[PDB]
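Structure first, then comments.
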Amino acid sequence: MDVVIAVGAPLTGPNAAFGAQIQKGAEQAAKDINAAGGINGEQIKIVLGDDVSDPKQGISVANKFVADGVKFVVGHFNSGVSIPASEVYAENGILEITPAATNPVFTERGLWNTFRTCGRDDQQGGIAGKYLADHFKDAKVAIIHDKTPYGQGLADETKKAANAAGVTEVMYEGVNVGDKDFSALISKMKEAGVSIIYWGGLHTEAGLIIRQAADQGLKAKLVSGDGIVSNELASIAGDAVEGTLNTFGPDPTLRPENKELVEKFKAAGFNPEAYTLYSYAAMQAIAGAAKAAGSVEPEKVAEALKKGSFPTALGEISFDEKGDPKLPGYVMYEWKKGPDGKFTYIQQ
């Protein structure tokens, strides 16, 4: 029978661009693997589930995956969705490999079924906090987060690392996802002499903060993490995006081995940026581990993932006992004008 693999992701809503990275990456991998002969002689059947970045909707999606005979999930994007969804999967024999959910809790619960192809926020915050101390030693820093498990989680890891390294923030504030007016917060930051805004959250609110800070004359550079890696940020923020910094893992579109794959996506009209190839690689990991296990049973595939290493678009992937990948760490990117005159993120 076909191996039923789900993409669980924000296919609509503010994070639709990330949903597309994940969906396109997983779909292309399934297509490529299928043409190569599938997984253990069976074809992958993709099903889609739109979580709209909402934990409750994510649970509905997860339960429907179960009913639909899903065996593997690539997803979700948001940590706050992936954490509760993974419980449904764990209790119903479904292996979940996230290409993008970074909060440590996801793999720190002893669950048999939880894996990632991305890093985690204690790593990411460690890098960010040290970066702040190294490059903005004397800056007045505001740590702002979006009150979600991911956003506040990353802000807290960065705070911990920054504080240890000798940077003590002057402000720590939460905002709500969906807020459109940051004038009060920006004025408070102006009064506090803030010159660095560290943002624990995603690109929609980050872009609005960047735009509004510039309009209000708050001369502060925004520094964030993986949650802002969509070219949409440049549209939302406008030209004020220039100079923004953020952490992200290796940019797999730059790996020479991926040249043809990247060109294939672009020829089909999709820019396979950021998490696209992390999702592609998640699918490759499932296929590689299933072959090694001589089984498509999710529990056996999980065991094989932890014992082996597998070629992917991210390089050779292997996993620790918790399901976290053994891959290169976070580095800092800066938003600059590219050849096309469009702003995008480039490693420093």
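Reported count of residues in region 231-256, each being surrounded by 24 or more Cβ atoms within 10 Å (Cβ to Cβ) and within 12 Å of the chain's Cα centre (by Cα), is 1. Look at region 333-348: where a residue is assigned by CATH to the domain that holds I236 and a partner is loosely packed, with under 14 Cβ neighbours inside 10 Å and of a type in the set (D, E), sitting 6+ places away or on another chain with Cβ atoms under 8 Å, you get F343/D239. Taken over region 156-200, the residue count meeting the criterion of being more than 17 Å from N15 (Cα to Cα) and not in a loop (DSSP other than H, G, I, E, B) is 25. Against the definition (outside the structural domain of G227 (by CATH), in contact with a strand residue (DSSP E or B) (Cβ under 7 Å, 6 or more places away or on another chain), in a loop (DSSP other than H, G, I, E, B) and more than 30 Å from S195 (Cα to Cα)), how does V296 come out, yes or no? For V296, the condition - outside the structural domain of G227 (by CATH), in contact with a strand residue (DSSP E or B) (Cβ under 7 Å, 6 or more places away or on another chain), in a loop (DSSP other than H, G, I, E, B) and more than 30 Å from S195 (Cα to Cα) - is met. Tally the residues that are acidic (D, E) and either under 23 Å from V229 (Cβ atoms) or not assigned by CATH to the domain that holds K322 (or both), restricting the search to region 41-94. Of the residues in that region, 3 qualify. Inspection of region 254-275 identifies no residue that is farther than 18 Å from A128 by Cβ, among the polar types (S, T, N, Q), in contact with a helix residue (DSSP H, G or I) (Cβ under 9 Å, 6 or more places away or on another chain) and free of Cβ contacts under 8 Å to residues at least 40 places away in the same chain. Annotation for region 40-56: no member residue is on the phi > 0 side of the Ramachandran plot, under 17 Å from the mean Cα position of the chain (by Cα), surrounded by fewer than 19 Cβ atoms within 10 Å (Cβ to Cβ) and not polar (S, T, N, Q). If the condition is being basic (K, R) and part of a loop (DSSP other than H, G, I, E, B), then region 129-153 contributes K137, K140, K147.
In region 201-250, the residue that is nearest to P14 (Cα to Cα) out of those that are free of Cβ contacts under 8 Å to residues at least 40 places away in the same chain and hydroxyl-bearing (S, T, Y) is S235. Taken over region 87-128, the criterion of being surrounded by 24 or more Cβ atoms within 10 Å (Cβ to Cβ), outside any loop (DSSP other than H, G, I, E, B) and either touching a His at 6+ places or on another chain (Cβ under 9 Å) or of a type outside the set (S, T, Y) (or both) is satisfied by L95, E96, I97, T98, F106, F115, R116, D121, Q124, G125, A128.
For the structure I just gave you, tell me whether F77 is in a helix (DSSP H, G or I) and within 25 Å of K24 (Cβ to Cβ). Quick ask: steps written out before the conclusion?
Details: in a helix (DSSP H, G or I): no; within 25 Å of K24 (Cβ to Cβ): yes.
Against the criterion (in a helix (DSSP H, G or I) and within 25 Å of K24 (Cβ to Cβ)), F77 does not qualify.
Looking only at region 153-171, filter to residues that are buried (at least 19 other Cβ atoms within 10 Å of the Cβ) and not acidic (D, E); which one of those is nearest to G193 (Cα to Cα)? Ranking the candidates gives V167 first.
All of this is worked out from the model, or read from it or from the source named; these are not laboratory values. Heads up, the Cβs are rebuilt from the backbone with ideal geometry, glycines too, and the neighbour counts pull from every protein chain shown.
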